[PDB]
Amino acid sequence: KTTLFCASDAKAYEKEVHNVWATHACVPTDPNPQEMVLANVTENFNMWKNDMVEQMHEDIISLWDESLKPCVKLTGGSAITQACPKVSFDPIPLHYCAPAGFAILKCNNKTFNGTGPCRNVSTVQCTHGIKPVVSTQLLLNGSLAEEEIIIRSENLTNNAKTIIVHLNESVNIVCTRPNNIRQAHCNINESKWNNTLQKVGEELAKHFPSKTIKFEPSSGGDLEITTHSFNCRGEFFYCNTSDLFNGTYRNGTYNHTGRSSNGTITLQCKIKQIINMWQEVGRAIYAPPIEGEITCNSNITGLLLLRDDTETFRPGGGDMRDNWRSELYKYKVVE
């Protein structure tokens, strides 16, 4: 309804690039924030049409332009060349704050699916701290649901609409390029993956009740959406999830179909230099990988799915506003 500002813990003395950007663009966080409950009000939210998401998307585009400069950027006809130094890159949390005379309304219902009316509301001046993590298929390093796994969609009957699964317990994923230069792998505990994909099948079943629930690898598209892609320490990883989204949930029981080995699923990955950009339609070329071991240890805290008797779900992604939505869903600017 208005333009918001960001607050952060960044420090002007980190040269990590999120820190640099935030110290120029954000104000410091209030050490003790005000929050004002109101259990009577009942207030309508819509996470799928929330202008906080558009403002955040702008900010993160700006951060990546300042920070992860490509050697070449192809946008349509044009090709732009610049210095592409290797940088230190680790996302930090960002708070979005309402300016003077507006407030941010927070929905306090633990199972609120992001849509419709909400009974227990609050007024705050800033959101919680949201780490702007760019990735597909798996949402990393977010904040888990309080109670049960929530299923969010602008419209579950429209199978073109992305489904956000909000996990209530996180699942560890560890990706490494050991000391090819391009070759890397990720490891997930097959047990924890089994467990969470069962519970996700249960919630999906509540919404599609006759049908069998199948998980299957992403069909087609750019490598960025057909693998789980993400930035780790500056380098762009592309990890094959064919052994991860691979399993059936038949009779209130889940059966994993993908290959494990000693109780860990291992995704093969490549570090790539030609990137399809998430900010706009365009390509970006980066320098070859840094030296040594490149490792990220992340929490899978949500999933992005697309639905095709039987209902089949494939990993989705590609529109980073859904990443921001998965965090901003309980908030609304007012007044």
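Note that the rigid core is defined as the largest set of C-alphas that superpose within 1.5 Å between two forms. Numbering starts at 1 and runs along the sequence shown.
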Exercise. After fitting on the rigid core, which stretch moves more in 8 other deposited structures of this protein, 198-206 or 70-78, going by C-alpha RMS?
Worked result: 70-78
For this session: Any chance you could tell me whether 223-231 or 250-258 drifts more in 8 other deposited structures of this protein, judged by RMS CA distance from this form after superposing on the core?
Result: 250-258
Exercise. If you count the residues of the deposited sequence that sit between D308 and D309 but have no coordinates, do you get none, 1 to 3, 4 to 9, or 10 or more?
Worked result: 4 to 9
Exercise. From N179 on to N180, does the model leave out none, 1 to 3, 4 to 9, or 10 or more residues of the deposited sequence?
Worked result: 4 to 9
Problem set entry | Stretch with the greater mean C-alpha B-factor as recorded in the entry, comparing 256-264 against 220-228 | 256-264
Problem set entry | Between 29-37 and 291-299 (mean CA B-factor, as deposited), the higher | 29-37
Exercise. Highest Cα B-factor in the deposition, which of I164, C175, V133, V121?
Worked result: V121
For this session: Compare the CA B factors listed in the entry for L244, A83, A98, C239 and report the winner.
Result: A98
For this session: Would you mind checking where the Cα B-factor of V334 ranks among the modelled residues of its chain, as the lowest, middle or highest third?
Result: highest
Exercise. What third of its chain's C-alpha B-factors does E327 belong to: lowest, middle or highest?
Worked result: lowest
For this session: Would you mind ranking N141 by its C-alpha B-factor against the rest of the chain and naming the third, lowest, middle or highest?
Result: lowest
Seminar exercise, completed: Sorting the chain's modelled residues by C-alpha B-factor and splitting them into thirds places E43 in the highest
For this session: Would you mind checking where the Cα B-factor of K211 ranks among the modelled residues of its chain, as the lowest, middle or highest third?
Result: highest
